[PDB]
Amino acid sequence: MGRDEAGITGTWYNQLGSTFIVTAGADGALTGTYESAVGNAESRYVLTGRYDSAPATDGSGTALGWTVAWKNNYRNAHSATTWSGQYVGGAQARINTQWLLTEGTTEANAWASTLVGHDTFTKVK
């Protein structure tokens, strides 16, 4: 099994009240659903990603990332977000991320295609 397979798998919540539901595979896979509390979004969207299944053993975090494309049966926001970050285990486990949200644009508006921000996920709230 991945070192943090058990710690990462489950339901996570960020500071916006979004819900991240993920399964970590032994092989480094991340698979699940994302529900945003904000933006041009409703209900759940597919996600996929990857994590380091054999991290450093020195109080270092575990590197991971995932993608959501904002198309489901209800809406299409013609956009994708990627989260890149690290999982930190323990009584107050956290996933600390930075993200990039790209919208499809014309070539003329491509300079303004990409938002950046940061989300912190916890197992409570």
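From 1 onward, residues are counted along the sequence shown.
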>> Which is higher on mean Cα B factor in this entry, 60-68 or 84-92?
In response: 84-92
>> Please compare 32-40 with 51-59 and say which has the higher mean C-alpha temperature factor in the record.
In response: 51-59
>> Taking only the Cα B-factors deposited for this chain, tell me whether residue 109 sits in the lowest, middle or highest third.
In response: highest
>> Based on the deposited C-alpha B factors for this chain, I'd like to know if residue 98 is in the lowest, middle or highest third.
In response: lowest
> Is the Cα B-factor recorded for residue 73 in the lowest, middle or highest third of its chain?
Replying inline: highest
